[PDB]
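Q: What follows is coords02.cif, made up of mmCIF, N, CA and C atoms:
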data_protein
loop_
_atom_site.group_PDB
_atom_site.id
_atom_site.type_symbol
_atom_site.label_atom_id
_atom_site.label_comp_id
_atom_site.auth_asym_id
_atom_site.auth_seq_id
_atom_site.Cartn_x
_atom_site.Cartn_y
_atom_site.Cartn_z
ATOM 1 N N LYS I 1 -9.281 -14.809 -12.631
ATOM 2 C CA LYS I 1 -9.121 -13.834 -11.512
ATOM 3 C C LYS I 1 -8.423 -12.564 -12.011
ATOM 4 N N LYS I 2 -8.974 -11.383 -11.697
ATOM 5 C CA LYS I 2 -8.348 -10.064 -11.946
ATOM 6 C C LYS I 2 -7.470 -9.636 -10.755
ATOM 7 N N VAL I 3 -6.531 -8.721 -10.998
ATOM 8 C CA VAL I 3 -5.662 -8.072 -9.993
ATOM 9 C C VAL I 3 -5.231 -6.678 -10.483
ATOM 10 N N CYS I 4 -5.047 -5.715 -9.573
ATOM 11 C CA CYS I 4 -4.566 -4.373 -9.923
ATOM 12 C C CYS I 4 -3.069 -4.363 -10.286
ATOM 13 N N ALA I 5 -2.713 -3.576 -11.303
ATOM 14 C CA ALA I 5 -1.342 -3.346 -11.756
ATOM 15 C C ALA I 5 -0.746 -2.095 -11.077
ATOM 16 N N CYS I 6 0.082 -2.295 -10.046
ATOM 17 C CA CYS I 6 0.754 -1.231 -9.291
ATOM 18 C C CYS I 6 1.493 -0.208 -10.198
ATOM 19 N N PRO I 7 1.267 1.115 -10.034
ATOM 20 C CA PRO I 7 1.919 2.156 -10.830
ATOM 21 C C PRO I 7 3.403 2.352 -10.453
ATOM 22 N N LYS I 8 4.126 3.117 -11.279
ATOM 23 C CA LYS I 8 5.585 3.359 -11.200
ATOM 24 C C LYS I 8 6.001 4.484 -10.228
ATOM 25 N N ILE I 9 5.043 5.066 -9.502
ATOM 26 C CA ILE I 9 5.228 6.147 -8.515
ATOM 27 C C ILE I 9 6.146 5.742 -7.338
ATOM 28 N N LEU I 10 6.691 6.741 -6.638
ATOM 29 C CA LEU I 10 7.547 6.627 -5.445
ATOM 30 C C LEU I 10 6.876 7.246 -4.199
ATOM 31 N N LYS I 11 7.599 7.346 -3.071
ATOM 32 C CA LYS I 11 7.076 7.706 -1.732
ATOM 33 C C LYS I 11 5.867 6.831 -1.317
ATOM 34 N N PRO I 12 6.098 5.536 -1.007
ATOM 35 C CA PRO I 12 5.059 4.623 -0.529
ATOM 36 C C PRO I 12 4.473 5.030 0.833
ATOM 37 N N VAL I 13 3.410 4.334 1.232
ATOM 38 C CA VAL I 13 2.611 4.545 2.447
ATOM 39 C C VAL I 13 2.324 3.226 3.172
ATOM 40 N N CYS I 14 1.738 3.302 4.370
ATOM 41 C CA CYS I 14 1.364 2.155 5.187
ATOM 42 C C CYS I 14 -0.164 2.012 5.287
ATOM 43 N N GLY I 15 -0.689 0.884 4.808
ATOM 44 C CA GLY I 15 -2.092 0.526 4.976
ATOM 45 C C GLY I 15 -2.427 0.138 6.412
ATOM 46 N N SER I 16 -3.721 0.011 6.673
ATOM 47 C CA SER I 16 -4.287 -0.224 8.004
ATOM 48 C C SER I 16 -4.163 -1.696 8.416
ATOM 49 N N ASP I 17 -3.708 -2.539 7.484
ATOM 50 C CA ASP I 17 -3.321 -3.920 7.729
ATOM 51 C C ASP I 17 -1.883 -4.039 8.283
ATOM 52 N N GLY I 18 -1.106 -2.946 8.228
ATOM 53 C CA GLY I 18 0.270 -2.861 8.726
ATOM 54 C C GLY I 18 1.342 -3.285 7.713
ATOM 55 N N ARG I 19 1.072 -3.068 6.421
ATOM 56 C CA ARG I 19 1.912 -3.411 5.264
ATOM 57 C C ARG I 19 2.121 -2.175 4.381
ATOM 58 N N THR I 20 3.208 -2.182 3.622
ATOM 59 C CA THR I 20 3.605 -1.116 2.686
ATOM 60 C C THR I 20 2.892 -1.233 1.338
ATOM 61 N N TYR I 21 2.496 -0.088 0.776
ATOM 62 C CA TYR I 21 1.913 0.061 -0.556
ATOM 63 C C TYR I 21 2.507 1.279 -1.275
ATOM 64 N N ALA I 22 2.737 1.187 -2.588
ATOM 65 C CA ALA I 22 3.243 2.305 -3.400
ATOM 66 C C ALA I 22 2.288 3.520 -3.428
ATOM 67 N N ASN I 23 0.982 3.292 -3.237
ATOM 68 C CA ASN I 23 -0.051 4.319 -3.076
ATOM 69 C C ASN I 23 -1.292 3.772 -2.344
ATOM 70 N N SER I 24 -2.243 4.652 -2.016
ATOM 71 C CA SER I 24 -3.559 4.289 -1.456
ATOM 72 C C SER I 24 -4.373 3.362 -2.373
ATOM 73 N N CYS I 25 -4.230 3.505 -3.697
ATOM 74 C CA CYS I 25 -4.935 2.718 -4.722
ATOM 75 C C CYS I 25 -4.760 1.196 -4.556
ATOM 76 N N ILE I 26 -3.588 0.775 -4.078
ATOM 77 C CA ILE I 26 -3.169 -0.629 -3.981
ATOM 78 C C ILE I 26 -3.764 -1.284 -2.734
ATOM 79 N N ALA I 27 -3.646 -0.618 -1.578
ATOM 80 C CA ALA I 27 -4.265 -1.029 -0.318
ATOM 81 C C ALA I 27 -5.771 -1.266 -0.517
ATOM 82 N N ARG I 28 -6.419 -0.337 -1.230
ATOM 83 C CA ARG I 28 -7.857 -0.386 -1.573
ATOM 84 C C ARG I 28 -8.219 -1.630 -2.391
ATOM 85 N N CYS I 29 -7.413 -1.967 -3.400
ATOM 86 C CA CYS I 29 -7.554 -3.186 -4.209
ATOM 87 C C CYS I 29 -7.277 -4.504 -3.441
ATOM 88 N N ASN I 30 -6.745 -4.430 -2.214
ATOM 89 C CA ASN I 30 -6.533 -5.558 -1.294
ATOM 90 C C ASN I 30 -7.570 -5.574 -0.144
ATOM 91 N N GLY I 31 -8.525 -4.634 -0.138
ATOM 92 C CA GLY I 31 -9.555 -4.461 0.894
ATOM 93 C C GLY I 31 -9.083 -3.748 2.172
ATOM 94 N N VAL I 32 -7.845 -3.248 2.176
ATOM 95 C CA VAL I 32 -7.211 -2.436 3.230
ATOM 96 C C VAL I 32 -7.533 -0.952 2.987
ATOM 97 N N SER I 33 -7.365 -0.101 4.000
ATOM 98 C CA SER I 33 -7.461 1.360 3.874
ATOM 99 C C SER I 33 -6.131 2.005 4.256
ATOM 100 N N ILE I 34 -5.847 3.207 3.764
ATOM 101 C CA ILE I 34 -4.660 3.973 4.155
ATOM 102 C C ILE I 34 -4.768 4.426 5.618
ATOM 103 N N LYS I 35 -3.646 4.364 6.345
ATOM 104 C CA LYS I 35 -3.542 4.645 7.773
ATOM 105 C C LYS I 35 -2.474 5.708 8.017
ATOM 106 N N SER I 36 -1.236 5.391 7.646
ATOM 107 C CA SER I 36 -0.061 6.250 7.828
ATOM 108 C C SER I 36 0.815 6.313 6.570
ATOM 109 N N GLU I 37 1.826 7.169 6.597
ATOM 110 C CA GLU I 37 2.732 7.522 5.518
ATOM 111 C C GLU I 37 4.126 6.888 5.673
ATOM 112 N N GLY I 38 4.892 6.933 4.584
ATOM 113 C CA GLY I 38 6.170 6.234 4.395
ATOM 114 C C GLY I 38 6.030 4.708 4.256
ATOM 115 N N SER I 39 7.100 4.044 3.811
ATOM 116 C CA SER I 39 7.215 2.578 3.857
ATOM 117 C C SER I 39 7.147 2.087 5.306
ATOM 118 N N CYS I 40 6.248 1.142 5.574
ATOM 119 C CA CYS I 40 6.030 0.580 6.897
ATOM 120 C C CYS I 40 7.126 -0.449 7.259
ATOM 121 N N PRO I 41 7.571 -0.508 8.528
ATOM 122 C CA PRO I 41 8.532 -1.512 8.989
ATOM 123 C C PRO I 41 7.899 -2.913 9.088
ATOM 124 N N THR I 42 8.734 -3.946 9.246
ATOM 125 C CA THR I 42 8.315 -5.361 9.383
ATOM 126 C C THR I 42 7.646 -5.659 10.743
ATOM 127 N N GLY I 43 7.715 -4.713 11.689
ATOM 128 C CA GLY I 43 7.190 -4.794 13.062
ATOM 129 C C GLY I 43 8.245 -4.551 14.156
ATOM 130 N N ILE I 44 9.525 -4.424 13.774
ATOM 131 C CA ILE I 44 10.685 -4.127 14.644
ATOM 132 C C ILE I 44 10.625 -2.677 15.159
#
Could you express the structure from this file as structure tokens?

A:
Amino acid sequence: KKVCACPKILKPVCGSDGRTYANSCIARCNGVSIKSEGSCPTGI
């Protein structure tokens, strides 16, 4: 099984699954799309 290696960049974003990613590249490798900006909350 292959997997993407997350880069060393900062200012993460929120995918359309409702989870945090270091960039759009990572959400895409999980089958998610970018939705909003910043680190996403746990749901609180």

Q: Quote the spacing between CA of residue 16 (chain I) and atom N of residue 42 (chain I) in Å to one decimal place.

A: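 These atoms are spaced 13.6 Å apart.
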
Q: So the first atom is CA of residue 40 (chain I) and the second is CA of residue 1 (chain I); what is the distance between them in Å, to one decimal place?

A: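 That distance, rounded to one decimal, is 27.9 Å.
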
Q: If we count all atoms listed in the file, what is near residue 41 (chain I) at a cut-off of 8 Å, once residues fewer than 5 positions away on the same chain are taken out, given as a ChimeraX atom specification?

A: /I:14,18-20

Q: With DSSP run on the backbone, what are the strand (DSSP E or B) residues within chain I? I'd like them as a VMD selection string.

A: chain I and resid 13 to 15 20 to 21 34 to 37

Q: Write the residues of the preceding selection, restricted to N, CA and C atoms, as a CSV table (one decimal), in the frame of the given file.

A:
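Generated file (part.csv):
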chain,number,residue,atom,x,y,z
I,13,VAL,N,3.4,4.3,1.2
I,13,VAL,CA,2.6,4.5,2.4
I,13,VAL,C,2.3,3.2,3.2
I,14,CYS,N,1.7,3.3,4.4
I,14,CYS,CA,1.4,2.2,5.2
I,14,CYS,C,-0.2,2.0,5.3
I,15,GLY,N,-0.7,0.9,4.8
I,15,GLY,CA,-2.1,0.5,5.0
I,15,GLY,C,-2.4,0.1,6.4
I,20,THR,N,3.2,-2.2,3.6
I,20,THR,CA,3.6,-1.1,2.7
I,20,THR,C,2.9,-1.2,1.3
I,21,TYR,N,2.5,-0.1,0.8
I,21,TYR,CA,1.9,0.1,-0.6
I,21,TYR,C,2.5,1.3,-1.3
I,34,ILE,N,-5.8,3.2,3.8
I,34,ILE,CA,-4.7,4.0,4.2
I,34,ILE,C,-4.8,4.4,5.6
I,35,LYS,N,-3.6,4.4,6.3
I,35,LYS,CA,-3.5,4.6,7.8
I,35,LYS,C,-2.5,5.7,8.0
I,36,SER,N,-1.2,5.4,7.6
I,36,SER,CA,-0.1,6.2,7.8
I,36,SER,C,0.8,6.3,6.6
I,37,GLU,N,1.8,7.2,6.6
I,37,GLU,CA,2.7,7.5,5.5
I,37,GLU,C,4.1,6.9,5.7

Q: Suppose a student applies the PyMOL selection byres (((chain I and resi 33-37 and name CA) around 10) and name CA) to this structure; what residues should they get, written as a PyMOL selection string?

A: chain I and resi 11-21+23-32+38-40

Q: Report, in Å with one decimal, the straight-line distance from atom C of residue 5 (chain I) to CA of residue 22 (chain I).

A: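 Taking atom C of residue 5 (chain I) and CA of residue 22 (chain I), their separation equals 9.7 Å.
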
Q: Extract the full set of helix (DSSP H, G or I) residues from chain I according to DSSP on the backbone, and format it as a short mmCIF file (atom, residue, chain, number, x, y, z; two decimals) with N, CA and C atoms, keeping the file's coordinate frame.

A:
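Below you can see result01.cif, which holds the result:
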data_model
loop_
_atom_site.label_atom_id
_atom_site.label_comp_id
_atom_site.auth_asym_id
_atom_site.auth_seq_id
_atom_site.Cartn_x
_atom_site.Cartn_y
_atom_site.Cartn_z
N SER I 24 -2.24 4.65 -2.02
CA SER I 24 -3.56 4.29 -1.46
C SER I 24 -4.37 3.36 -2.37
N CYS I 25 -4.23 3.50 -3.70
CA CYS I 25 -4.93 2.72 -4.72
C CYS I 25 -4.76 1.20 -4.56
N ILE I 26 -3.59 0.78 -4.08
CA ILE I 26 -3.17 -0.63 -3.98
C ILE I 26 -3.76 -1.28 -2.73
N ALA I 27 -3.65 -0.62 -1.58
CA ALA I 27 -4.26 -1.03 -0.32
C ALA I 27 -5.77 -1.27 -0.52
N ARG I 28 -6.42 -0.34 -1.23
CA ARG I 28 -7.86 -0.39 -1.57
C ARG I 28 -8.22 -1.63 -2.39
N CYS I 29 -7.41 -1.97 -3.40
CA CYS I 29 -7.55 -3.19 -4.21
C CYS I 29 -7.28 -4.50 -3.44
#

Q: Around region 30-44 of chain I, with edges along x, y and z and 5 Å added on all six sides, what centre and edge lengths do you get, in Å to one decimal, as AutoDock Vina command-line options?

A:
--center_x 0.6 --center_y 0.9 --center_z 6.5 --size_x 30.2 --size_y 23.2 --size_z 27.4

Q: Would you save region 19-37 of chain I to a file, keeping C-alpha atoms, as a PDB file, in the first residue's frame?

A:
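The resulting part.pdb:
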ATOM      1  CA  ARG I  19     -10.804  17.529   9.371  1.00  0.00           C
ATOM      2  CA  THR I  20      -7.513  19.516   9.379  1.00  0.00           C
ATOM      3  CA  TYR I  21      -4.802  19.162   6.680  1.00  0.00           C
ATOM      4  CA  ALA I  22      -1.381  20.909   6.326  1.00  0.00           C
ATOM      5  CA  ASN I  23      -2.383  21.684   2.665  1.00  0.00           C
ATOM      6  CA  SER I  24      -4.980  20.873  -0.078  1.00  0.00           C
ATOM      7  CA  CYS I  25      -2.571  18.140  -1.400  1.00  0.00           C
ATOM      8  CA  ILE I  26      -3.241  15.913   1.676  1.00  0.00           C
ATOM      9  CA  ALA I  27      -7.079  16.122   1.681  1.00  0.00           C
ATOM     10  CA  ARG I  28      -6.898  15.147  -2.048  1.00  0.00           C
ATOM     11  CA  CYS I  29      -4.756  12.042  -1.245  1.00  0.00           C
ATOM     12  CA  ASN I  30      -7.547  11.002   1.263  1.00  0.00           C
ATOM     13  CA  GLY I  31     -10.358  11.522  -1.372  1.00  0.00           C
ATOM     14  CA  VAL I  32     -11.529  14.758   0.420  1.00  0.00           C
ATOM     15  CA  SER I  33     -11.629  18.268  -1.180  1.00  0.00           C
ATOM     16  CA  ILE I  34     -10.638  21.660   0.324  1.00  0.00           C
ATOM     17  CA  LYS I  35     -13.595  23.585   1.856  1.00  0.00           C
ATOM     18  CA  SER I  36     -12.338  26.242   4.317  1.00  0.00           C
ATOM     19  CA  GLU I  37      -9.120  27.751   5.772  1.00  0.00           C
TER      20      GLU I  37
END
